[PDB]
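Participant: Below you will find the structure I want to go over with you.
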Amino acid sequence: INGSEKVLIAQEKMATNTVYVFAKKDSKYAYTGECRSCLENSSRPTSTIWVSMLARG
Amino acid sequence: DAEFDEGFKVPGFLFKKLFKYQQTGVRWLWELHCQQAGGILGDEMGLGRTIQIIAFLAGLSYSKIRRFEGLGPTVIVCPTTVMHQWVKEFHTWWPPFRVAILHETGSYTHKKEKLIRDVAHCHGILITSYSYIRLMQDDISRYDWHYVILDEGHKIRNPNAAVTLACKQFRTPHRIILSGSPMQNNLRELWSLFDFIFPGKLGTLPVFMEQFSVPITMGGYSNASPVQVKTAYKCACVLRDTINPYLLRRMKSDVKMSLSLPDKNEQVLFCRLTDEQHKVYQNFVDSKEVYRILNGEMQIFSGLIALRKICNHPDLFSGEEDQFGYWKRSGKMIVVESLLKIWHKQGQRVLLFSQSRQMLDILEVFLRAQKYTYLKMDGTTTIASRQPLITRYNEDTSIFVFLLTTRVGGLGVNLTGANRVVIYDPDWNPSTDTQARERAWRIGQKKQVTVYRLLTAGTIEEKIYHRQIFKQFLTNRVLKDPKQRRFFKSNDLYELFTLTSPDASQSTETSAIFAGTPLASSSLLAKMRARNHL
Amino acid sequence: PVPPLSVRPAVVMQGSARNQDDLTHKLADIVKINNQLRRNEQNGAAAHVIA
Amino acid sequence: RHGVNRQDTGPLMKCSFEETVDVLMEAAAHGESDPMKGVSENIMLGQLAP
DNA sequence: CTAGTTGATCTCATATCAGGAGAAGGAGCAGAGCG
DNA sequence: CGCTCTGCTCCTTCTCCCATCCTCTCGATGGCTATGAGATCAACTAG
C-alpha cells in the first residue's frame, strides 16, 4: 500500500456459537453462560447472549 | 384655507396646488400627528411624496398647533443624491423654513455640531444622510427633534444594520417613512419599518416572525396542505388590518386617470447554455465542491456566486477570437448580439443592465469589439460626474447603449431617452430589477418601453428569477390582496444546484409552473367566528 | 478568557499552510456560536432555538 | 491522593502528585494560597528549593 | 480659500471480555423520642 | 399515634490512577465564502 509493505497480524478472539460457562468472583451472578452468536455468513456483529444465575443472597 | 376637524389650517395657496391624493395624504399625516404616531407613505415612486410632506409640515408650522409653538426642529434623513433637491423643494413651497443641509459640501463652513446646535436653537429643518445619523448617532440625538422623516426609509429594511439602530434611537413620537416599497424581500423588512414608526404595534421580532412570516410563506407554496393556506390567509388578513391605519400606499391604478402612462410590455427570454458553458456548469454541479455544499461543510454562497458567474460567462468562472470575454461562449451574449444588432437597425436606444460589474466590463469589451457607440456609468465613476453622463445620453441620439448595474446612481436616475431595456441577469431582490425596469419607464417617457429579462433555462439563474417572483408575490399578498393563486413547490423552489437544460421537446420550468396562464356584539361575534373558521 | 498566541501557537507546516492549535479551533467554535446566539437574541428567533 | 492531597501541603505540591486540575480548581474556588515552602513549588517556579 | 478627482474605509445587500479503589449521594428502612 | 429526625447499610454513580528513559518508521494533517454601491473623508491637483 503506497509502496509500503504491510502485513496483517492474525487477531485472537473468542470462538462464536459456543456456550461458555464462567463464574465471576465479584459479580451479582454466581455462574454465567455466554454465547457470542453469529450467523454463518457474517452480516452483523457477534450478538452475545448471557444466561446467568443470581448469586445466593 | 382648508380646515380639518380639530383645527389644522393648511394654507389655501399651498393646499390648492396639491392633487386629491396628495390632500388625502396630508389629512392622514395630520391624523397621525394627532394620534402622536408615525406612519409610512408607501406610495410608489412618481406620485410625489416630498410635496405632501412639505405641505403638511408647512401647515403645521403656520397653524401654530401645540410643547412647541408650531413646528419644532425636524430632521430629514435621505440619500445624498436627493438632499439638495429637498432643500430646493422647501425653498420653493414654504420659504420661511430655515432649511439646512448637514454635509461636507454643506454651507456652514464651521464645526458641524455647531450647525446642529444652531439649527435646533432656531427650530429649523435639518437634512442629513443616513451615514451622518450612524456616525453622529450619539451627538445628533440630543436636541429634542420634533419630527424625523426617513426618506427612502427602506434603508431601515434590515433590523440589524447600524443605521437602523441609529435611526431608532430618536425619541419623538413622530416618525414618517417615505418608501416606494416598505418590504422588498420578506417580512423582516416590514417589521423593521414598523418598529421604527411605531415601536410597539407589531410585537417583538421573534413574535412577529413566528406569527406571520412562517405561516405566510408556508402558505405561499402550491403543495401546501389546505389548512396551511387557510391559516396563511387568515394571518395575512390580521397583519393587513393591523397595519392599515399606519401604511398609506397608493398604486398607479387609482391615480392612473390623473397622469398619463405609456404602455409597457415585458418578456423573459430563456437562453440556452452554450455547449462549453454547459460543460463547465455540469462539471461544477458534479464537482466535489457542490457535494460539500450539500453536506454543509462549506458555505453554499460561493457555489451560488460561481454558478451565477458561469451563467453570465464561462470566462468569469474559468478565467485571435479567443481574448477575454469572447461573446460566442455564452448563449445570453448570443442573444444580446441579436437584440443589439436588430435594435440598432431600428434606431432605438438601449439600457443594458447587469448585477455584475466584472461582466459589465466584459460587455464593454464586447461593445468595443462591435462598432456601437455607448456610454458606461457604474460605481467606479465619481459621483460628482454622474449627472453629466446621464444628461449627455438623454439629450442626444448619437449614443446608442448605456451600461448600468441595477444598483448604481441615486434611486431613479432620469434615463428617459432610452427606448428598450435589457436586464442581462436577474438579482435576488425583486425590487432592484423592478427599479431597473422602472428607471427607463418613468413619468415623462415619450415612447413605449419594453423590458427583456435574459434567462438561462434549467440553471441557477432560472431559480433566481423564480425566487424574485416568489418574493414579489409575498409582498403583493401582504400589501394589496391576500387571496392569490399559489405558484410554486417548496422543494423545487429551494433546491438550486442542478442542471436540466431544455431540449425543446418539453417546455421550460417557468412555463410549466405558469401552465394555466358601538358594535352591537353580533357584528363583533360574526367577524370573530368568520375569522376563526378560516 | 481567550489565551494569547503563545499558549496556542499557529505552527507553519513545510509549505505555507499555517496549522492552528486545538485551542484556536475550539475558540473559533465558541466565537461562532457566541455571535450566532448574539444575533438570534437580537433578531427573530424562537425560544427553543435560543435554548 | 486520598491521604496525601487531603493534607495542608499547598495546592502546587498537590497538583504535582495527582488531580492537577481538580486541585487547582478547588484552590481557585477557595482562594487558597501556596506559601512556597515545599520543594515542588520552588522547583516549578524555578527557585532554589529549601 | 475652492472645486474636483482619486483613493482607502466602512456599511449594507442578496443568497438556505481479563480494572480497581475509594469517596459521595441517594434510598430503604429500623427505631427512638415525642408532640 | 403519627410525624420527625435521624443514622445505618446497599447500591449506584463517578472520578481518579495505572515505572522510567531512549530509538526508529509510518500515515494523516492541508480550509477557501464574493460583489458592488453609497457615503465619508483625507489628500492631492488643479483653480
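Letters A, B, ... go to the chains of the C-alpha cells in the order shown; residues in each chain start at 1; ligands are counted from 1 in the same order.
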Using only C-alpha atoms (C1' of nucleotides), what table do you get, as JSON lines, when you list each residue of chain F with an atom no more than 12 Å from chain B, its nearest pair of atoms, and their distance in Å rounded to one decimal, rows by chain then rising number?
Facilitator:
```
{"residue": "F:31", "atom": "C1'", "partner": "B:298", "partner_atom": "CA", "distance": 9.1}
{"residue": "F:32", "atom": "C1'", "partner": "B:298", "partner_atom": "CA", "distance": 8.6}
{"residue": "F:33", "atom": "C1'", "partner": "B:302", "partner_atom": "CA", "distance": 5.3}
{"residue": "F:34", "atom": "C1'", "partner": "B:305", "partner_atom": "CA", "distance": 6.8}
{"residue": "F:35", "atom": "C1'", "partner": "B:356", "partner_atom": "CA", "distance": 7.1}
{"residue": "F:36", "atom": "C1'", "partner": "B:379", "partner_atom": "CA", "distance": 7.0}
{"residue": "F:37", "atom": "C1'", "partner": "B:379", "partner_atom": "CA", "distance": 5.8}
{"residue": "F:38", "atom": "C1'", "partner": "B:80", "partner_atom": "CA", "distance": 8.4}
{"residue": "F:39", "atom": "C1'", "partner": "B:131", "partner_atom": "CA", "distance": 6.4}
{"residue": "F:40", "atom": "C1'", "partner": "B:131", "partner_atom": "CA", "distance": 8.0}
{"residue": "F:41", "atom": "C1'", "partner": "B:104", "partner_atom": "CA", "distance": 8.9}
{"residue": "F:42", "atom": "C1'", "partner": "B:104", "partner_atom": "CA", "distance": 11.8}
```
Participant: How would the residues just chosen look if you wrote them out with N, CA, C and O atoms (P, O5', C5', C4', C3', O3' and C1' of nucleotides) as a PDB file, in the first residue's frame?
Facilitator:
```
ATOM      1  P    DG F  31      -5.265  23.575   7.995  1.00  0.00           P
ATOM      2  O5'  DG F  31      -6.603  23.551   7.121  1.00  0.00           O
ATOM      3  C5'  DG F  31      -7.452  24.680   7.112  1.00  0.00           C
ATOM      4  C4'  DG F  31      -7.501  25.311   5.732  1.00  0.00           C
ATOM      5  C3'  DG F  31      -7.919  26.766   5.714  1.00  0.00           C
ATOM      6  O3'  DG F  31      -7.363  27.433   4.585  1.00  0.00           O
ATOM      7  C1'  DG F  31      -9.682  25.401   4.830  1.00  0.00           C
ATOM      8  P    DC F  32      -7.684  28.981   4.311  1.00  0.00           P
ATOM      9  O5'  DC F  32      -9.081  28.924   3.543  1.00  0.00           O
ATOM     10  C5'  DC F  32      -9.784  30.102   3.250  1.00  0.00           C
ATOM     11  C4'  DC F  32     -10.131  30.146   1.776  1.00  0.00           C
ATOM     12  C3'  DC F  32     -11.460  30.817   1.446  1.00  0.00           C
ATOM     13  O3'  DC F  32     -11.242  32.193   1.105  1.00  0.00           O
ATOM     14  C1'  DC F  32     -11.412  28.597   0.537  1.00  0.00           C
ATOM     15  P    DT F  33     -11.935  33.380   1.943  1.00  0.00           P
ATOM     16  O5'  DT F  33     -13.088  33.911   0.971  1.00  0.00           O
ATOM     17  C5'  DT F  33     -14.431  33.933   1.403  1.00  0.00           C
ATOM     18  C4'  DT F  33     -15.160  32.718   0.885  1.00  0.00           C
ATOM     19  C3'  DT F  33     -16.030  32.965  -0.340  1.00  0.00           C
ATOM     20  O3'  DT F  33     -15.299  32.641  -1.538  1.00  0.00           O
ATOM     21  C1'  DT F  33     -17.357  32.117   1.435  1.00  0.00           C
ATOM     22  P    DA F  34     -15.663  33.321  -2.951  1.00  0.00           P
ATOM     23  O5'  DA F  34     -14.543  34.465  -3.175  1.00  0.00           O
ATOM     24  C5'  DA F  34     -14.795  35.845  -2.868  1.00  0.00           C
ATOM     25  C4'  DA F  34     -15.861  36.430  -3.779  1.00  0.00           C
ATOM     26  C3'  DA F  34     -15.711  37.912  -4.102  1.00  0.00           C
ATOM     27  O3'  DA F  34     -15.019  38.129  -5.385  1.00  0.00           O
ATOM     28  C1'  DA F  34     -17.952  37.397  -3.357  1.00  0.00           C
ATOM     29  P    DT F  35     -15.744  37.980  -6.820  1.00  0.00           P
ATOM     30  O5'  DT F  35     -16.658  39.292  -6.944  1.00  0.00           O
ATOM     31  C5'  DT F  35     -17.979  39.194  -7.490  1.00  0.00           C
ATOM     32  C4'  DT F  35     -18.835  40.389  -7.103  1.00  0.00           C
ATOM     33  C3'  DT F  35     -18.163  41.733  -7.283  1.00  0.00           C
ATOM     34  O3'  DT F  35     -18.549  42.261  -8.485  1.00  0.00           O
ATOM     35  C1'  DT F  35     -19.592  41.649  -5.354  1.00  0.00           C
ATOM     36  P    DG F  36     -17.934  43.642  -8.974  1.00  0.00           P
ATOM     37  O5'  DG F  36     -19.061  44.706  -8.582  1.00  0.00           O
ATOM     38  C5'  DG F  36     -20.437  44.323  -8.561  1.00  0.00           C
ATOM     39  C4'  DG F  36     -21.275  45.383  -7.907  1.00  0.00           C
ATOM     40  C3'  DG F  36     -20.779  46.797  -8.134  1.00  0.00           C
ATOM     41  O3'  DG F  36     -21.856  47.609  -8.356  1.00  0.00           O
ATOM     42  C1'  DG F  36     -20.935  46.397  -5.836  1.00  0.00           C
ATOM     43  P    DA F  37     -21.664  49.054  -9.001  1.00  0.00           P
ATOM     44  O5'  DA F  37     -22.582  49.964  -8.069  1.00  0.00           O
ATOM     45  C5'  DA F  37     -23.755  49.418  -7.443  1.00  0.00           C
ATOM     46  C4'  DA F  37     -24.214  50.299  -6.317  1.00  0.00           C
ATOM     47  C3'  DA F  37     -23.806  51.758  -6.441  1.00  0.00           C
ATOM     48  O3'  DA F  37     -24.884  52.581  -6.094  1.00  0.00           O
ATOM     49  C1'  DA F  37     -22.961  50.843  -4.422  1.00  0.00           C
ATOM     50  P    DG F  38     -24.703  54.168  -6.082  1.00  0.00           P
ATOM     51  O5'  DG F  38     -24.520  54.489  -4.544  1.00  0.00           O
ATOM     52  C5'  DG F  38     -25.528  54.087  -3.649  1.00  0.00           C
ATOM     53  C4'  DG F  38     -25.271  54.664  -2.294  1.00  0.00           C
ATOM     54  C3'  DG F  38     -24.811  56.109  -2.318  1.00  0.00           C
ATOM     55  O3'  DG F  38     -25.596  56.868  -1.445  1.00  0.00           O
ATOM     56  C1'  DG F  38     -23.198  54.716  -1.208  1.00  0.00           C
ATOM     57  P    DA F  39     -25.358  58.444  -1.318  1.00  0.00           P
ATOM     58  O5'  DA F  39     -24.353  58.553  -0.092  1.00  0.00           O
ATOM     59  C5'  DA F  39     -24.586  57.773   1.061  1.00  0.00           C
ATOM     60  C4'  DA F  39     -23.464  57.930   2.055  1.00  0.00           C
ATOM     61  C3'  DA F  39     -22.809  59.308   2.057  1.00  0.00           C
ATOM     62  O3'  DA F  39     -22.681  59.797   3.357  1.00  0.00           O
ATOM     63  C1'  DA F  39     -21.175  57.635   1.754  1.00  0.00           C
ATOM     64  P    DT F  40     -22.211  61.308   3.594  1.00  0.00           P
ATOM     65  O5'  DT F  40     -20.970  61.127   4.555  1.00  0.00           O
ATOM     66  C5'  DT F  40     -20.415  59.841   4.726  1.00  0.00           C
ATOM     67  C4'  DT F  40     -19.132  59.878   5.523  1.00  0.00           C
ATOM     68  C3'  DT F  40     -18.464  61.240   5.657  1.00  0.00           C
ATOM     69  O3'  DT F  40     -17.813  61.333   6.894  1.00  0.00           O
ATOM     70  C1'  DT F  40     -17.100  59.799   4.345  1.00  0.00           C
ATOM     71  P    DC F  41     -17.181  62.727   7.358  1.00  0.00           P
ATOM     72  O5'  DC F  41     -15.650  62.551   6.985  1.00  0.00           O
ATOM     73  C5'  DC F  41     -14.989  61.333   7.276  1.00  0.00           C
ATOM     74  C4'  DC F  41     -13.610  61.338   6.670  1.00  0.00           C
ATOM     75  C3'  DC F  41     -13.000  62.729   6.523  1.00  0.00           C
ATOM     76  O3'  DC F  41     -11.614  62.695   6.757  1.00  0.00           O
ATOM     77  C1'  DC F  41     -13.064  61.718   4.442  1.00  0.00           C
ATOM     78  P    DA F  42     -10.885  63.979   7.381  1.00  0.00           P
ATOM     79  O5'  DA F  42      -9.461  63.432   7.880  1.00  0.00           O
ATOM     80  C5'  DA F  42      -8.867  62.264   7.301  1.00  0.00           C
ATOM     81  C4'  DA F  42      -8.157  62.572   5.990  1.00  0.00           C
ATOM     82  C3'  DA F  42      -7.701  64.026   5.791  1.00  0.00           C
ATOM     83  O3'  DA F  42      -6.358  64.299   6.339  1.00  0.00           O
ATOM     84  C1'  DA F  42      -8.481  62.956   3.760  1.00  0.00           C
TER      85       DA F  42
END
```
Participant: Hey, list the chain C side of the contact with chain B: 12 Å cut-off, only C-alpha atoms, answer as a PyMOL selection string.
Facilitator: chain C and resi 38-50
Participant: Using C-alpha atoms, can you write the selected residues to a file as an mmCIF file, in the first residue's frame?
Facilitator:
```
data_model
loop_
_atom_site.group_PDB
_atom_site.id
_atom_site.type_symbol
_atom_site.label_atom_id
_atom_site.label_comp_id
_atom_site.auth_asym_id
_atom_site.auth_seq_id
_atom_site.Cartn_x
_atom_site.Cartn_y
_atom_site.Cartn_z
ATOM 1 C CA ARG C 38 -25.987 37.198 19.929
ATOM 2 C CA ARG C 39 -27.772 37.735 16.627
ATOM 3 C CA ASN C 40 -30.516 35.225 17.481
ATOM 4 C CA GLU C 41 -31.266 37.114 20.688
ATOM 5 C CA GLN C 42 -31.027 40.445 18.871
ATOM 6 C CA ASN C 43 -33.165 39.387 15.870
ATOM 7 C CA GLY C 44 -36.017 36.961 15.301
ATOM 8 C CA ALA C 45 -35.506 33.568 16.908
ATOM 9 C CA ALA C 46 -37.692 31.105 18.773
ATOM 10 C CA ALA C 47 -37.141 30.421 22.459
ATOM 11 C CA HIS C 48 -36.224 26.799 21.719
ATOM 12 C CA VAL C 49 -33.733 27.964 19.076
ATOM 13 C CA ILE C 50 -32.016 30.230 21.611
#
```
Participant: Show me which bits of chain D are within 9 Å of chain F, counting only C-alpha atoms (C1' of nucleotides), as a list in words.
Facilitator: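 Written out as asked, the residues are residues 1, 18 and 19 of chain D.
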Participant: Write out the residues from the selection above, keeping C-alpha atoms, as a short mmCIF file (atom, residue, chain, number, x, y, z; two decimals), in the first residue's frame.
Facilitator:
```cif
data_model
loop_
_atom_site.label_atom_id
_atom_site.label_comp_id
_atom_site.auth_asym_id
_atom_site.auth_seq_id
_atom_site.Cartn_x
_atom_site.Cartn_y
_atom_site.Cartn_z
CA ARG D 1 -4.34 11.15 46.58
CA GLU D 18 -2.29 13.79 41.19
CA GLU D 19 -5.57 15.53 40.37
#
```
Participant: Using DSSP secondary structure from the backbone, list all strand (DSSP E or B) positions within chain C, as a compact mmCIF listing (two decimals) with C-alpha atoms, in the first residue's frame.
Facilitator:
```
# COMPACT_ATOMS: atom_id res chain seq x y z
CA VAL C 11 2.78 26.26 13.66
CA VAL C 12 3.69 26.61 9.99
CA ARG C 18 -0.48 27.64 8.89
CA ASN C 19 -2.00 24.98 11.13
```
Participant: May I have the residues within 12 Å of stretch 10-15 of chain A as a list in words, using only C-alpha atoms (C1' of nucleotides) and disregarding those fewer than 4 positions away in the same chain?
Facilitator: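 The residues satisfying every condition are residues 19, 20, 34, 35, 36, 37, 38, 46 and 48 of chain A; 17 of chain E.
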Participant: Any chance you could tabulate, as CSV, the residues of chain A at most 12 Å from chain F with each one's nearest atom pair and distance in Å to one decimal, using only C-alpha atoms (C1' of nucleotides), in chain and rising number order?
Facilitator:
```
residue,atom,partner,partner_atom,distance
A:1,CA,F:27,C1',11.3
A:2,CA,F:27,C1',10.5
A:3,CA,F:26,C1',11.4
A:4,CA,F:26,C1',8.7
A:5,CA,F:26,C1',10.9
A:6,CA,F:26,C1',10.5
A:28,CA,F:11,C1',11.7
```
Participant: DSSP on the backbone: what in chain D comes out alpha helix (DSSP H), as an MDAnalysis selection string?
Facilitator: chainID D and resid 11:17 20:30 39:44
Participant: Only N, CA and C atoms, please: the residues just picked out, written as a short mmCIF file (atom, residue, chain, number, x, y, z; two decimals), in the first residue's frame.
Facilitator:
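Result saved to again02.cif:
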```cif
data_model
loop_
_atom_site.label_atom_id
_atom_site.label_comp_id
_atom_site.auth_asym_id
_atom_site.auth_seq_id
_atom_site.Cartn_x
_atom_site.Cartn_y
_atom_site.Cartn_z
N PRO D 11 -1.61 23.93 47.28
CA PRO D 11 -2.16 23.42 46.02
C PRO D 11 -1.12 23.04 44.99
N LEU D 12 0.03 23.72 44.96
CA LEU D 12 1.02 23.43 43.92
C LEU D 12 1.72 22.10 44.18
N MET D 13 2.02 21.79 45.44
CA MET D 13 2.57 20.47 45.75
C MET D 13 1.58 19.38 45.39
N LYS D 14 0.29 19.62 45.65
CA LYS D 14 -0.71 18.59 45.39
C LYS D 14 -0.92 18.38 43.90
N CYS D 15 -0.90 19.45 43.12
CA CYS D 15 -1.12 19.30 41.68
C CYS D 15 0.03 18.54 41.04
N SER D 16 1.23 18.62 41.62
CA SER D 16 2.36 17.85 41.12
C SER D 16 2.11 16.35 41.24
N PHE D 17 1.38 15.93 42.27
CA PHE D 17 1.21 14.50 42.52
C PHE D 17 0.10 13.93 41.64
N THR D 20 -4.34 17.22 39.16
CA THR D 20 -3.82 18.56 38.91
C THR D 20 -4.96 19.56 38.75
N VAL D 21 -5.90 19.25 37.87
CA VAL D 21 -6.95 20.20 37.55
C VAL D 21 -7.91 20.36 38.72
N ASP D 22 -8.33 19.24 39.33
CA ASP D 22 -9.26 19.33 40.46
C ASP D 22 -8.64 20.12 41.61
N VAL D 23 -7.36 19.87 41.90
CA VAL D 23 -6.70 20.57 43.00
C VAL D 23 -6.62 22.06 42.72
N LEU D 24 -6.14 22.43 41.53
CA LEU D 24 -6.00 23.86 41.24
C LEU D 24 -7.36 24.54 41.18
N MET D 25 -8.39 23.83 40.73
CA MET D 25 -9.72 24.40 40.66
C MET D 25 -10.31 24.59 42.05
N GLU D 26 -10.08 23.63 42.94
CA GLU D 26 -10.52 23.78 44.33
C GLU D 26 -9.82 24.96 44.98
N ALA D 27 -8.51 25.09 44.75
CA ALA D 27 -7.77 26.21 45.31
C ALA D 27 -8.26 27.54 44.77
N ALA D 28 -8.63 27.59 43.49
CA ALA D 28 -9.19 28.81 42.93
C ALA D 28 -10.54 29.13 43.57
N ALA D 29 -11.42 28.13 43.66
CA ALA D 29 -12.74 28.35 44.23
C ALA D 29 -12.65 28.82 45.68
N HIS D 30 -11.63 28.38 46.41
CA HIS D 30 -11.50 28.72 47.82
C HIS D 30 -10.39 29.73 48.09
N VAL D 39 9.44 21.62 48.19
CA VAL D 39 10.41 21.60 47.10
C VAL D 39 9.72 21.62 45.74
N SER D 40 8.54 21.00 45.63
CA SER D 40 7.83 21.01 44.36
C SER D 40 7.48 22.42 43.92
N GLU D 41 6.99 23.24 44.84
CA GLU D 41 6.54 24.58 44.49
C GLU D 41 7.70 25.43 43.99
N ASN D 42 8.84 25.36 44.69
CA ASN D 42 10.01 26.12 44.26
C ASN D 42 10.57 25.58 42.95
N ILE D 43 10.53 24.26 42.77
CA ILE D 43 11.02 23.68 41.52
C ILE D 43 10.18 24.15 40.34
N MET D 44 8.86 24.21 40.51
CA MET D 44 8.00 24.69 39.43
C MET D 44 8.30 26.14 39.10
#
```
Participant: Would you write out, as JSON lines, a table of all residues in chain B that have an atom no more than 8 Å from an atom of chain E, listing for each the closest atom pair and the distance in Å to one decimal, considering only C-alpha atoms (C1' of nucleotides) and ordering rows by chain and rising residue number?
Facilitator:
```
{"residue": "B:161", "atom": "CA", "partner": "E:12", "partner_atom": "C1'", "distance": 7.1}
{"residue": "B:162", "atom": "CA", "partner": "E:11", "partner_atom": "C1'", "distance": 7.9}
{"residue": "B:301", "atom": "CA", "partner": "E:15", "partner_atom": "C1'", "distance": 6.4}
{"residue": "B:304", "atom": "CA", "partner": "E:15", "partner_atom": "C1'", "distance": 7.2}
{"residue": "B:382", "atom": "CA", "partner": "E:5", "partner_atom": "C1'", "distance": 7.7}
{"residue": "B:384", "atom": "CA", "partner": "E:4", "partner_atom": "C1'", "distance": 8.0}
{"residue": "B:427", "atom": "CA", "partner": "E:14", "partner_atom": "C1'", "distance": 7.5}
{"residue": "B:428", "atom": "CA", "partner": "E:14", "partner_atom": "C1'", "distance": 5.4}
{"residue": "B:429", "atom": "CA", "partner": "E:14", "partner_atom": "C1'", "distance": 6.4}
{"residue": "B:494", "atom": "CA", "partner": "E:16", "partner_atom": "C1'", "distance": 7.8}
```
Participant: Limited to N, CA and C atoms, could you put the picked residues into a file as a PDB file, in the first residue's frame?
Facilitator:
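Wrote it out as part.pdb, contents follow:
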```pdb
ATOM      1  N   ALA B 161     -28.832  46.386  10.929  1.00  0.00           N
ATOM      2  CA  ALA B 161     -27.858  47.361  10.476  1.00  0.00           C
ATOM      3  C   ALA B 161     -27.701  48.477  11.495  1.00  0.00           C
ATOM      4  N   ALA B 162     -26.494  49.037  11.549  1.00  0.00           N
ATOM      5  CA  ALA B 162     -26.227  50.117  12.489  1.00  0.00           C
ATOM      6  C   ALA B 162     -27.045  51.351  12.163  1.00  0.00           C
ATOM      7  N   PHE B 301     -22.689  29.788  -0.415  1.00  0.00           N
ATOM      8  CA  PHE B 301     -22.739  31.071  -1.108  1.00  0.00           C
ATOM      9  C   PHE B 301     -21.699  31.169  -2.227  1.00  0.00           C
ATOM     10  N   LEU B 304     -23.106  29.509  -5.128  1.00  0.00           N
ATOM     11  CA  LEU B 304     -24.058  30.369  -5.825  1.00  0.00           C
ATOM     12  C   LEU B 304     -23.356  31.354  -6.737  1.00  0.00           C
ATOM     13  N   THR B 382     -16.871  58.614 -10.510  1.00  0.00           N
ATOM     14  CA  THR B 382     -17.048  59.556  -9.415  1.00  0.00           C
ATOM     15  C   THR B 382     -18.468  60.101  -9.435  1.00  0.00           C
ATOM     16  N   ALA B 384     -19.626  62.984  -8.526  1.00  0.00           N
ATOM     17  CA  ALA B 384     -19.752  64.362  -8.979  1.00  0.00           C
ATOM     18  C   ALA B 384     -19.883  64.477 -10.493  1.00  0.00           C
ATOM     19  N   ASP B 427     -31.487  39.390 -10.351  1.00  0.00           N
ATOM     20  CA  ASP B 427     -30.982  39.544  -8.996  1.00  0.00           C
ATOM     21  C   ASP B 427     -31.909  38.844  -8.016  1.00  0.00           C
ATOM     22  N   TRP B 428     -31.389  38.636  -6.810  1.00  0.00           N
ATOM     23  CA  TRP B 428     -32.186  38.037  -5.754  1.00  0.00           C
ATOM     24  C   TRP B 428     -33.313  38.961  -5.320  1.00  0.00           C
ATOM     25  N   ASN B 429     -33.052  40.252  -5.256  1.00  0.00           N
ATOM     26  CA  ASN B 429     -34.075  41.196  -4.835  1.00  0.00           C
ATOM     27  C   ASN B 429     -35.032  41.487  -5.982  1.00  0.00           C
ATOM     28  N   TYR B 494     -36.538  25.615  -3.534  1.00  0.00           N
ATOM     29  CA  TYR B 494     -35.373  25.778  -2.671  1.00  0.00           C
ATOM     30  C   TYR B 494     -34.136  25.026  -3.150  1.00  0.00           C
TER      31      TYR B 494
END
```
Participant: Please identify all polymer residues within 12 Å of residue C:9, counting only C-alpha atoms (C1' of nucleotides), omitting same-chain residues fewer than 4 positions from it, and present them as a list in words.
Facilitator: residues 3, 4, 5, 18, 19, 20, 21, 22, 23, 24 and 25 of chain C
Participant: Between A:45, A:40, A:24, A:55, single out the one closest to chain E, counting only C-alpha atoms (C1' of nucleotides).
Facilitator: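 Ranking A:45, A:40, A:24, A:55 by distance to chain E, first place goes to A:24.
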Participant: Pull out every residue of chain E sitting within 12 Å of chain A, counting only C-alpha atoms (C1' of nucleotides), and send them as a list in words.
Facilitator: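 Interface list for chain E against chain A: residues 17, 18, 19 and 20 of chain E.
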